[PDB]
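Engineer: mmCIF, C-alpha atoms and all ligand atoms, file data_2.cif:
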```cif
data_final
#
loop_
_atom_site.label_atom_id
_atom_site.label_comp_id
_atom_site.auth_asym_id
_atom_site.auth_seq_id
_atom_site.Cartn_x
_atom_site.Cartn_y
_atom_site.Cartn_z
CA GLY A 3 -190.85 -45.26 33.76
CA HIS A 4 -190.49 -48.97 34.54
CA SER A 5 -192.90 -50.46 37.14
CA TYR A 6 -193.16 -54.08 38.34
CA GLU A 7 -196.94 -53.41 38.85
CA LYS A 8 -197.61 -52.51 35.19
CA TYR A 9 -196.93 -54.10 31.81
CA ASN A 10 -193.87 -52.38 30.36
CA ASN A 11 -193.02 -52.02 26.60
CA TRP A 12 -189.77 -53.53 25.23
CA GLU A 13 -187.87 -50.19 25.42
CA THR A 14 -188.85 -50.07 29.10
CA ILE A 15 -187.72 -53.75 29.70
CA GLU A 16 -184.43 -53.32 27.86
CA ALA A 17 -183.46 -50.26 29.90
CA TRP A 18 -184.58 -52.06 33.06
CA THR A 19 -182.18 -54.99 32.38
CA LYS A 20 -179.24 -52.58 31.95
CA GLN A 21 -180.29 -50.75 35.10
CA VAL A 22 -181.12 -53.65 37.50
CA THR A 23 -177.65 -55.04 36.47
CA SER A 24 -175.56 -51.89 37.16
CA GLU A 25 -177.52 -51.26 40.42
CA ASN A 26 -176.95 -54.84 41.70
CA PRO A 27 -173.64 -55.78 40.13
CA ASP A 28 -172.77 -58.48 42.65
CA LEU A 29 -176.08 -60.34 42.32
CA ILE A 30 -176.68 -59.86 38.55
CA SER A 31 -174.83 -59.88 35.23
CA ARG A 32 -176.23 -59.46 31.71
CA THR A 33 -175.24 -60.96 28.40
CA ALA A 34 -176.79 -60.76 24.91
CA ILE A 35 -177.16 -64.40 23.87
CA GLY A 36 -178.24 -63.67 20.30
CA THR A 37 -180.27 -61.13 18.32
CA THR A 38 -183.93 -61.33 17.21
CA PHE A 39 -185.16 -61.58 13.58
CA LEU A 40 -185.46 -57.75 13.65
CA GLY A 41 -181.96 -57.46 15.21
CA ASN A 42 -183.00 -56.88 18.86
CA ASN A 43 -180.57 -58.23 21.57
CA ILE A 44 -181.93 -61.13 23.56
CA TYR A 45 -180.72 -60.32 27.10
CA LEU A 46 -180.16 -62.89 29.70
CA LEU A 47 -179.84 -62.26 33.37
CA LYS A 48 -177.39 -64.36 35.39
CA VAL A 49 -178.80 -63.90 38.89
CA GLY A 50 -176.96 -65.21 41.96
CA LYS A 51 -173.97 -64.60 44.23
CA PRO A 52 -170.75 -65.12 42.20
CA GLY A 53 -169.04 -68.30 43.34
CA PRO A 54 -167.17 -71.20 41.80
CA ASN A 55 -168.71 -74.35 40.33
CA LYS A 56 -172.35 -73.35 40.86
CA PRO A 57 -175.29 -75.37 39.54
CA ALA A 58 -177.90 -73.38 37.64
CA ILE A 59 -181.72 -72.99 36.93
CA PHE A 60 -182.75 -71.56 33.54
CA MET A 61 -186.07 -69.69 33.18
CA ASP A 62 -187.71 -67.94 30.20
CA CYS A 63 -190.78 -65.74 29.80
CA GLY A 64 -192.16 -64.05 26.81
CA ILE A 65 -191.93 -66.99 24.50
CA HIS A 66 -195.35 -66.13 23.23
CA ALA A 67 -196.11 -62.40 22.53
CA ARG A 68 -199.68 -61.79 23.92
CA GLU A 69 -199.06 -63.55 27.27
CA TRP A 70 -198.12 -60.28 28.97
CA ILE A 71 -198.30 -61.53 32.64
CA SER A 72 -195.48 -63.88 31.87
CA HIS A 73 -193.06 -61.12 30.80
CA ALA A 74 -194.11 -59.30 34.01
CA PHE A 75 -193.30 -62.42 36.05
CA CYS A 76 -189.57 -62.64 34.91
CA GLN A 77 -189.09 -58.99 36.05
CA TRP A 78 -190.92 -59.77 39.28
CA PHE A 79 -188.59 -62.70 40.11
CA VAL A 80 -185.59 -60.59 39.47
CA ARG A 81 -187.33 -58.00 41.74
CA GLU A 82 -187.69 -60.64 44.51
CA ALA A 83 -184.04 -61.72 44.19
CA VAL A 84 -182.70 -58.17 44.50
CA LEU A 85 -185.04 -57.05 47.32
CA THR A 86 -185.01 -60.22 49.45
CA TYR A 87 -181.39 -61.35 49.13
CA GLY A 88 -179.96 -60.92 52.64
CA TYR A 89 -183.49 -60.51 54.08
CA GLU A 90 -185.36 -63.85 53.58
CA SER A 91 -183.99 -67.23 54.47
CA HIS A 92 -184.81 -69.24 51.35
CA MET A 93 -184.33 -66.80 48.50
CA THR A 94 -180.92 -66.10 50.16
CA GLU A 95 -179.91 -69.77 50.37
CA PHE A 96 -180.92 -70.11 46.69
CA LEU A 97 -178.77 -67.26 45.38
CA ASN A 98 -175.64 -68.45 47.27
CA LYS A 99 -175.95 -72.07 46.08
CA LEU A 100 -177.47 -71.52 42.58
CA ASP A 101 -177.39 -69.11 39.65
CA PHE A 102 -180.60 -68.26 37.90
CA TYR A 103 -180.45 -67.59 34.18
CA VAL A 104 -183.60 -65.45 33.64
CA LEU A 105 -184.43 -64.54 30.08
CA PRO A 106 -187.14 -61.93 30.56
CA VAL A 107 -188.46 -61.85 26.95
CA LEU A 108 -187.56 -64.48 24.37
CA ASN A 109 -189.82 -63.30 21.60
CA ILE A 110 -188.90 -59.56 21.67
CA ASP A 111 -190.21 -58.77 18.06
CA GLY A 112 -193.60 -60.41 18.81
CA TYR A 113 -193.95 -58.43 22.11
CA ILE A 114 -193.21 -55.02 20.39
CA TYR A 115 -195.87 -55.92 17.86
CA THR A 116 -198.54 -56.56 20.57
CA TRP A 117 -197.81 -53.02 21.78
CA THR A 118 -197.89 -51.35 18.31
CA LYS A 119 -200.16 -53.36 15.99
CA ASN A 120 -202.00 -56.42 17.38
CA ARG A 121 -202.70 -57.28 21.05
CA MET A 122 -203.42 -60.87 20.17
CA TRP A 123 -200.21 -61.71 18.32
CA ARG A 124 -198.49 -64.93 19.61
CA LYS A 125 -195.63 -65.82 17.20
CA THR A 126 -192.43 -64.36 16.04
CA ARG A 127 -192.30 -61.79 13.26
CA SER A 128 -190.09 -63.64 10.74
CA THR A 129 -191.17 -63.89 7.11
CA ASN A 130 -192.07 -67.14 5.32
CA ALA A 131 -191.44 -68.28 1.74
CA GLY A 132 -194.49 -68.43 -0.53
CA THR A 133 -196.86 -66.51 1.72
CA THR A 134 -197.22 -63.01 3.27
CA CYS A 135 -198.18 -64.75 6.54
CA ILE A 136 -195.83 -63.86 9.34
CA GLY A 137 -194.39 -65.78 12.31
CA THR A 138 -193.26 -69.15 13.80
CA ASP A 139 -194.49 -70.52 17.09
CA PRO A 140 -191.19 -70.75 19.16
CA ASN A 141 -192.71 -73.42 21.35
CA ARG A 142 -193.22 -75.62 18.37
CA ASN A 143 -189.70 -74.65 17.07
CA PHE A 144 -187.55 -76.76 19.31
CA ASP A 145 -185.94 -80.03 18.12
CA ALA A 146 -188.15 -82.38 20.17
CA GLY A 147 -190.73 -84.43 18.27
CA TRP A 148 -190.29 -81.52 15.86
CA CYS A 149 -193.38 -80.50 13.89
CA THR A 150 -195.47 -83.65 14.54
CA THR A 151 -199.19 -83.65 15.49
CA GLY A 152 -200.18 -80.55 17.52
CA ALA A 153 -197.83 -78.41 15.42
CA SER A 154 -198.84 -77.02 12.09
CA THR A 155 -197.03 -77.03 8.77
CA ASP A 156 -199.18 -74.03 7.76
CA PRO A 157 -197.28 -70.64 8.17
CA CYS A 158 -200.57 -68.76 8.56
CA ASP A 159 -201.44 -70.84 11.56
CA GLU A 160 -200.90 -69.93 15.24
CA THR A 161 -198.93 -73.15 15.96
CA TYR A 162 -196.63 -73.09 12.85
CA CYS A 163 -193.42 -75.14 13.53
CA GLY A 164 -191.02 -73.12 11.37
CA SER A 165 -189.06 -74.19 8.27
CA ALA A 166 -186.66 -76.33 10.34
CA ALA A 167 -186.22 -77.00 14.01
CA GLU A 168 -184.31 -74.00 15.45
CA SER A 169 -185.14 -71.88 12.34
CA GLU A 170 -185.96 -68.95 14.65
CA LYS A 171 -182.91 -66.91 15.66
CA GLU A 172 -184.60 -66.76 19.09
CA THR A 173 -185.12 -70.51 19.59
CA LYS A 174 -181.52 -71.17 18.28
CA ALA A 175 -180.03 -68.63 20.68
CA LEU A 176 -181.80 -70.14 23.71
CA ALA A 177 -180.92 -73.75 22.71
CA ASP A 178 -177.27 -72.75 21.94
CA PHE A 179 -176.91 -71.13 25.41
CA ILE A 180 -178.30 -74.22 27.17
CA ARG A 181 -176.10 -76.68 25.22
CA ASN A 182 -173.16 -74.34 26.04
CA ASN A 183 -174.06 -74.51 29.73
CA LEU A 184 -175.56 -78.01 29.99
CA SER A 185 -173.41 -79.42 32.83
CA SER A 186 -174.48 -76.60 35.22
CA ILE A 187 -178.21 -76.38 34.38
CA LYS A 188 -180.29 -78.57 36.78
CA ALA A 189 -183.82 -77.20 36.02
CA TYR A 190 -185.79 -75.62 33.10
CA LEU A 191 -188.84 -73.43 33.69
CA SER A 192 -190.83 -71.65 30.99
CA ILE A 193 -193.45 -69.09 31.96
CA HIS A 194 -196.65 -68.74 29.98
CA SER A 195 -200.40 -67.81 30.05
CA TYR A 196 -203.25 -68.51 30.62
CA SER A 197 -205.18 -71.52 32.17
CA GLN A 198 -203.76 -71.96 35.70
CA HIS A 199 -201.87 -75.16 34.65
CA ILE A 200 -198.41 -76.60 35.58
CA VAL A 201 -197.21 -78.96 32.89
CA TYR A 202 -194.15 -81.26 32.62
CA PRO A 203 -192.92 -83.65 29.88
CA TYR A 204 -194.11 -84.98 27.52
CA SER A 205 -196.10 -82.72 25.21
CA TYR A 206 -194.59 -83.99 21.88
CA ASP A 207 -196.16 -87.54 22.15
CA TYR A 208 -198.35 -89.36 24.74
CA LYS A 209 -195.55 -90.78 26.93
CA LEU A 210 -194.61 -90.27 30.54
CA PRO A 211 -191.17 -89.33 31.71
CA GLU A 212 -188.83 -91.70 33.62
CA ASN A 213 -189.49 -89.66 36.80
CA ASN A 214 -193.26 -89.19 36.18
CA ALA A 215 -193.95 -90.01 39.79
CA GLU A 216 -191.43 -87.52 41.16
CA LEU A 217 -192.67 -84.80 38.72
CA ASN A 218 -196.31 -85.69 39.66
CA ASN A 219 -195.55 -85.37 43.38
CA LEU A 220 -193.50 -82.15 42.74
CA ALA A 221 -196.22 -80.42 40.56
CA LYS A 222 -198.85 -81.52 43.12
CA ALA A 223 -196.82 -79.84 45.90
CA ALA A 224 -196.18 -76.51 44.07
CA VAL A 225 -199.86 -76.19 43.06
CA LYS A 226 -200.67 -76.87 46.72
CA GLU A 227 -198.07 -74.13 47.79
CA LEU A 228 -199.20 -71.58 45.18
CA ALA A 229 -202.73 -72.18 46.37
CA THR A 230 -201.93 -70.90 49.89
CA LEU A 231 -201.93 -67.13 49.26
CA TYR A 232 -205.22 -66.40 47.69
CA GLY A 233 -206.43 -69.97 47.19
CA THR A 234 -205.93 -69.82 43.38
CA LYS A 235 -206.73 -73.24 41.75
CA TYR A 236 -204.17 -74.82 39.36
CA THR A 237 -204.33 -78.18 37.64
CA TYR A 238 -201.18 -80.10 36.63
CA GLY A 239 -199.63 -82.99 34.82
CA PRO A 240 -197.83 -84.28 31.75
CA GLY A 241 -198.44 -81.94 28.81
CA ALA A 242 -199.87 -84.32 26.24
CA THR A 243 -202.19 -85.83 28.87
CA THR A 244 -203.20 -82.54 30.50
CA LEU A 245 -203.50 -79.90 27.78
CA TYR A 246 -202.91 -81.18 24.31
CA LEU A 247 -200.13 -82.38 22.05
CA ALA A 248 -197.71 -79.47 21.61
CA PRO A 249 -194.44 -80.78 20.03
CA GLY A 250 -191.27 -78.78 19.54
CA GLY A 251 -191.60 -77.42 23.09
CA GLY A 252 -188.66 -76.04 24.98
CA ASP A 253 -189.68 -78.00 28.13
CA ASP A 254 -189.35 -81.36 26.27
CA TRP A 255 -186.17 -80.31 24.45
CA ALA A 256 -184.49 -79.38 27.70
CA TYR A 257 -185.65 -82.60 29.42
CA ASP A 258 -184.29 -84.71 26.51
CA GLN A 259 -180.92 -82.93 26.95
CA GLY A 260 -181.04 -84.45 30.44
CA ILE A 261 -182.53 -81.52 32.42
CA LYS A 262 -184.68 -83.74 34.67
CA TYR A 263 -186.77 -80.99 36.27
CA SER A 264 -188.58 -79.18 33.44
CA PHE A 265 -191.93 -77.29 33.89
CA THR A 266 -194.23 -74.90 31.93
CA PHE A 267 -196.21 -72.53 34.07
CA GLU A 268 -199.51 -71.26 32.65
CA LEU A 269 -200.46 -68.34 34.87
CA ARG A 270 -203.85 -66.45 35.60
CA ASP A 271 -206.68 -66.74 34.73
CA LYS A 272 -209.25 -69.32 33.57
CA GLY A 273 -210.86 -67.08 30.93
CA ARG A 274 -212.64 -64.04 32.44
CA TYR A 275 -209.77 -61.81 31.19
CA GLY A 276 -207.51 -64.25 29.34
CA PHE A 277 -204.25 -62.80 27.86
CA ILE A 278 -205.63 -59.31 28.72
CA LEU A 279 -205.06 -59.71 32.43
CA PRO A 280 -205.77 -56.49 34.37
CA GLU A 281 -202.54 -54.85 35.59
CA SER A 282 -204.32 -55.02 38.94
CA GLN A 283 -203.74 -58.74 38.93
CA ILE A 284 -199.88 -58.48 38.34
CA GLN A 285 -198.93 -58.30 42.03
CA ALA A 286 -201.05 -61.24 43.24
CA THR A 287 -200.30 -63.53 40.26
CA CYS A 288 -196.63 -62.99 40.65
CA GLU A 289 -196.70 -63.44 44.41
CA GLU A 290 -198.63 -66.71 44.35
CA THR A 291 -196.47 -67.85 41.37
CA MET A 292 -193.20 -67.05 43.27
CA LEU A 293 -194.17 -69.52 45.97
CA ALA A 294 -194.44 -72.32 43.37
CA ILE A 295 -191.12 -71.21 41.82
CA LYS A 296 -189.15 -71.15 45.10
CA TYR A 297 -190.89 -74.39 46.09
CA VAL A 298 -189.43 -76.05 42.93
CA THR A 299 -186.03 -74.40 43.37
CA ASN A 300 -185.83 -75.68 46.99
CA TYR A 301 -186.64 -79.23 45.77
CA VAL A 302 -183.92 -79.04 43.11
CA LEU A 303 -181.37 -77.79 45.68
CA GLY A 304 -182.15 -80.86 47.81
CA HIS A 305 -181.87 -83.23 44.80
CA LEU A 306 -178.76 -82.20 42.89
CA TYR A 307 -177.43 -84.45 40.15
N1 LIG B 401 -194.36 -77.19 26.05
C1 LIG B 401 -195.49 -77.85 26.74
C2 LIG B 401 -196.67 -76.93 27.00
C3 LIG B 401 -197.05 -76.09 25.78
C4 LIG B 401 -198.47 -75.51 25.95
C5 LIG B 401 -198.60 -74.05 25.38
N2 LIG B 401 -199.97 -73.49 25.69
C6 LIG B 401 -200.44 -72.33 25.18
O1 LIG B 401 -199.78 -71.64 24.40
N3 LIG B 401 -201.70 -71.97 25.50
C7 LIG B 401 -202.28 -70.64 25.06
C8 LIG B 401 -203.24 -69.99 26.11
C9 LIG B 401 -204.77 -70.17 26.10
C10 LIG B 401 -205.41 -70.32 24.70
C11 LIG B 401 -206.94 -70.42 24.83
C12 LIG B 401 -207.39 -71.63 25.70
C13 LIG B 401 -206.77 -71.55 27.11
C14 LIG B 401 -205.22 -71.29 27.07
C15 LIG B 401 -202.53 -70.50 23.57
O2 LIG B 401 -202.66 -69.38 23.10
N4 LIG B 401 -202.48 -71.63 22.87
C16 LIG B 401 -202.61 -71.69 21.39
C17 LIG B 401 -202.19 -73.08 20.90
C18 LIG B 401 -203.43 -73.57 20.14
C19 LIG B 401 -204.61 -73.84 21.10
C20 LIG B 401 -205.05 -72.42 21.51
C21 LIG B 401 -204.03 -71.54 20.82
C22 LIG B 401 -203.84 -72.28 19.54
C23 LIG B 401 -198.37 -74.04 23.86
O3 LIG B 401 -199.41 -74.15 23.21
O4 LIG B 401 -197.21 -73.90 23.39
ZN ZN B 402 -197.41 -69.43 25.96
ZN ZN B 403 -193.05 -60.62 47.34
ZN ZN B 404 -185.75 -86.76 48.17
#
```
Represent the structure from my file as structure tokens, please.

Structural biologist:
Amino acid sequence: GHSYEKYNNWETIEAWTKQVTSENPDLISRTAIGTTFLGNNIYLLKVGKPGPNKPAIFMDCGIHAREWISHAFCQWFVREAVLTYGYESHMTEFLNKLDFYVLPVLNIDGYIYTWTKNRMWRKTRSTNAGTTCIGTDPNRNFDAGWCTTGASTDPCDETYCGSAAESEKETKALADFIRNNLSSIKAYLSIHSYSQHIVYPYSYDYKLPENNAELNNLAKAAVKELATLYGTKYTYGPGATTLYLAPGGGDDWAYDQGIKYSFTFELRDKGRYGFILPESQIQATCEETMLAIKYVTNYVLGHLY
């Protein structure tokens, strides 16, 4: 049984994507955009009222395996879209004027592995020449300052950059889709955990984006919004300046393709529970996070380009 208030295994998520599609065929369609290293189909949900020449927002969750609240947040947002379309002003406006490409789990092989073998797995589950060490960090795998400081050339390491930018079938699939749909995609959002942080470019070097100011004011305002449900406290900023150098990120790759609004959400908590966030925090984290998401999507709508 699927539940939006529990963490579901991959078999549960896969069946849910087939089902939420067939049950809401006018709001949602589903493609496979690639296959994983282990041959799993990477489903993508095109969410929105079918209409011609629509701009789009891309979102991904599940890039990293152990960050379970993130996978639960993609399903939640799809949940909000289906339940509140026709019932809430803003959501409704958003689905008529925009399509949402929601990739609920990028790193499907890593996720299965956190359910079967190791709860604290992050990377993919591809093999590496010369070692029996497994996995590439997808969010060091993108062609954007690829494999510079903050990424590791060691395969045994948790930030390993891969053998080439886009070496992971999963990264390649997600970058191929986005190049294939570049002229419609107006924003890029990537959901992660933990640390209650909203980051924007750049993470691959210490530099600030052309619209730093606008992204500063926009991150300030979504943190502020998010903070109005339960008063949860989020910090924000440019990635290199806020967290650490983290090159080969999808957020930077997308921005350098000309997707001007690009954000990484690092959800609950600050460390009490970490990656192992009680299922009893799903509902609240997603609800407070949805307010930040819609807040960004309403900005974008007002600032098309
Ligand atoms: N693309 C721009 C933003 C990228 C930032 C993103 N952050 C991210 O993954 N953070 C988590 C979450 C926790 C980890 C404990 C401290 C609090 C946060 C994590 O597991 N990071 C790993 C990276 C190294 C530093 C810690 C490990 C090794 C990333 O590293 O790709
Ligand atoms: Zn992450
Ligand atoms: Zn809700
Ligand atoms: Zn304006």

Engineer: Which is closest to residue 248 of chain A among A:142, A:121, A:262, A:209, if we use all atoms listed in the file?

Structural biologist: A:142

Engineer: Go through the chains and note each residue within 8 Å of ligand ZN 403 (chain B), using only C-alpha atoms and all ligand atoms, then give the set as JSON, numbers by chain.

Structural biologist: {"A": [82, 288, 289, 292]}

Engineer: Taking only C-alpha atoms and all ligand atoms into account, list the residues no farther than 10 Å from ligand ZN 402 (chain B), as a list in words.

Structural biologist: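 The residues within 10 Å of ligand ZN 402 (chain B), counting only C-alpha atoms and all ligand atoms, are residues 63, 64, 65, 66, 67, 68, 69, 70, 72, 124, 125, 139, 140, 141, 192, 193, 194, 195, 196, 266, 267, 268, 269 and 277 of chain A.
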
Engineer: Report, in Å to a single decimal, how far apart atom CA of residue 61 of chain A and atom CA of residue 75 of chain A are.

Structural biologist: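 Spanning atom CA of residue 75 of chain A to atom CA of residue 61 of chain A is a straight-line distance of 10.6 Å.
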
Engineer: So the first atom is atom CA of residue 135 of chain A and the second is atom CA of residue 156 of chain A; what is the distance between them in Å, to one decimal place?

Structural biologist: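 Taking atom CA of residue 135 of chain A as the start and atom CA of residue 156 of chain A as the end point, the length is 9.4 Å.
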
Engineer: Can you work out which one of A:100, A:163, A:175, A:184 has the shortest atom-to-atom distance to residue 304 of chain A, counting all atoms listed in the file?

Structural biologist: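 The answer is A:100, which sits nearest to residue 304 of chain A.
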
Engineer: For ligand LIG 401 (chain B), which residue among A:152, A:223, A:157, A:297 is the nearest when counting all atoms listed in the file?

Structural biologist: A:152

Engineer: Can you work out which one of A:254, A:95, A:90, A:62 has the shortest atom-to-atom distance to residue 143 of chain A, counting all atoms listed in the file?

Structural biologist: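 Closest to residue 143 of chain A, using all atoms listed in the file: A:254.
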
Engineer: Write out as an NGL selection string the residues lying within 10 Å of segment 229-240 of chain A, counting all atoms listed in the file and excluding same-chain residues fewer than 4 positions away.

Structural biologist: :A and (197-205 or 208-211 or 214 or 217-219 or 221-225 or 244-246 or 265-272 or 286-287 or 289-291 or 293-294)

Engineer: Just want the residues within 10 Å of ligand ZN 404 (chain B), written as a list in words, counting only C-alpha atoms and all ligand atoms.

Structural biologist: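 Going residue by residue within 10 Å of ligand ZN 404 (chain B), we get residues 216, 301, 302, 304, 305 and 306 of chain A.
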
Engineer: Taking the block just given, write segment 99-113 of chain A to a file that holds N, CA, C and O atoms, as a PDB file, in the first residue's frame.

Structural biologist:
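Resulting contents of part.pdb:
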```pdb
ATOM      1  N   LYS A  99      -1.351  27.498 -16.396  1.00  0.00           N
ATOM      2  CA  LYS A  99      -0.314  28.272 -17.130  1.00  0.00           C
ATOM      3  C   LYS A  99       1.053  27.593 -17.306  1.00  0.00           C
ATOM      4  O   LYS A  99       1.852  28.025 -18.144  1.00  0.00           O
ATOM      5  N   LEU A 100       1.296  26.510 -16.562  1.00  0.00           N
ATOM      6  CA  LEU A 100       2.616  25.864 -16.451  1.00  0.00           C
ATOM      7  C   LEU A 100       2.455  24.373 -16.428  1.00  0.00           C
ATOM      8  O   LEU A 100       1.411  23.879 -15.973  1.00  0.00           O
ATOM      9  N   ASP A 101       3.463  23.659 -16.930  1.00  0.00           N
ATOM     10  CA  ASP A 101       3.582  22.207 -16.701  1.00  0.00           C
ATOM     11  C   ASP A 101       4.737  22.013 -15.727  1.00  0.00           C
ATOM     12  O   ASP A 101       5.741  22.733 -15.748  1.00  0.00           O
ATOM     13  N   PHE A 102       4.597  20.994 -14.910  1.00  0.00           N
ATOM     14  CA  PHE A 102       5.570  20.651 -13.925  1.00  0.00           C
ATOM     15  C   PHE A 102       6.097  19.281 -14.341  1.00  0.00           C
ATOM     16  O   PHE A 102       5.351  18.297 -14.278  1.00  0.00           O
ATOM     17  N   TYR A 103       7.354  19.218 -14.753  1.00  0.00           N
ATOM     18  CA  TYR A 103       8.048  17.936 -14.850  1.00  0.00           C
ATOM     19  C   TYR A 103       8.647  17.484 -13.495  1.00  0.00           C
ATOM     20  O   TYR A 103       9.643  18.007 -13.051  1.00  0.00           O
ATOM     21  N   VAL A 104       8.035  16.484 -12.883  1.00  0.00           N
ATOM     22  CA  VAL A 104       8.397  16.033 -11.532  1.00  0.00           C
ATOM     23  C   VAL A 104       8.974  14.648 -11.755  1.00  0.00           C
ATOM     24  O   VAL A 104       8.293  13.761 -12.310  1.00  0.00           O
ATOM     25  N   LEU A 105      10.258  14.510 -11.417  1.00  0.00           N
ATOM     26  CA  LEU A 105      10.957  13.267 -11.431  1.00  0.00           C
ATOM     27  C   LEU A 105      11.032  12.768  -9.997  1.00  0.00           C
ATOM     28  O   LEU A 105      11.858  13.225  -9.263  1.00  0.00           O
ATOM     29  N   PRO A 106      10.131  11.833  -9.566  1.00  0.00           N
ATOM     30  CA  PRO A 106      10.111  11.550  -8.154  1.00  0.00           C
ATOM     31  C   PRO A 106      11.363  10.886  -7.538  1.00  0.00           C
ATOM     32  O   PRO A 106      11.703  11.141  -6.351  1.00  0.00           O
ATOM     33  N   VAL A 107      12.047  10.043  -8.300  1.00  0.00           N
ATOM     34  CA  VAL A 107      13.312   9.454  -7.802  1.00  0.00           C
ATOM     35  C   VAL A 107      14.325   9.421  -8.943  1.00  0.00           C
ATOM     36  O   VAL A 107      14.075   8.787  -9.965  1.00  0.00           O
ATOM     37  N   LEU A 108      15.441  10.158  -8.839  1.00  0.00           N
ATOM     38  CA  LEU A 108      16.409  10.065  -9.903  1.00  0.00           C
ATOM     39  C   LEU A 108      17.192   8.788  -9.674  1.00  0.00           C
ATOM     40  O   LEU A 108      17.280   7.942 -10.551  1.00  0.00           O
ATOM     41  N   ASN A 109      17.755   8.654  -8.468  1.00  0.00           N
ATOM     42  CA  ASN A 109      18.692   7.601  -8.204  1.00  0.00           C
ATOM     43  C   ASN A 109      17.926   6.384  -7.627  1.00  0.00           C
ATOM     44  O   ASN A 109      18.064   6.042  -6.463  1.00  0.00           O
ATOM     45  N   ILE A 110      17.232   5.693  -8.526  1.00  0.00           N
ATOM     46  CA  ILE A 110      16.337   4.548  -8.189  1.00  0.00           C
ATOM     47  C   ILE A 110      17.146   3.348  -7.613  1.00  0.00           C
ATOM     48  O   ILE A 110      16.699   2.698  -6.674  1.00  0.00           O
ATOM     49  N   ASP A 111      18.337   3.057  -8.159  1.00  0.00           N
ATOM     50  CA  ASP A 111      19.164   1.878  -7.679  1.00  0.00           C
ATOM     51  C   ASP A 111      19.710   2.138  -6.256  1.00  0.00           C
ATOM     52  O   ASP A 111      19.684   1.259  -5.412  1.00  0.00           O
ATOM     53  N   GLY A 112      20.194   3.358  -6.022  1.00  0.00           N
ATOM     54  CA  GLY A 112      20.601   3.803  -4.680  1.00  0.00           C
ATOM     55  C   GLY A 112      19.500   3.709  -3.603  1.00  0.00           C
ATOM     56  O   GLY A 112      19.755   3.231  -2.455  1.00  0.00           O
ATOM     57  N   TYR A 113      18.325   4.244  -3.923  1.00  0.00           N
ATOM     58  CA  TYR A 113      17.107   4.120  -3.064  1.00  0.00           C
ATOM     59  C   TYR A 113      16.689   2.660  -2.671  1.00  0.00           C
ATOM     60  O   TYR A 113      16.257   2.394  -1.505  1.00  0.00           O
TER      61      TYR A 113
END
```
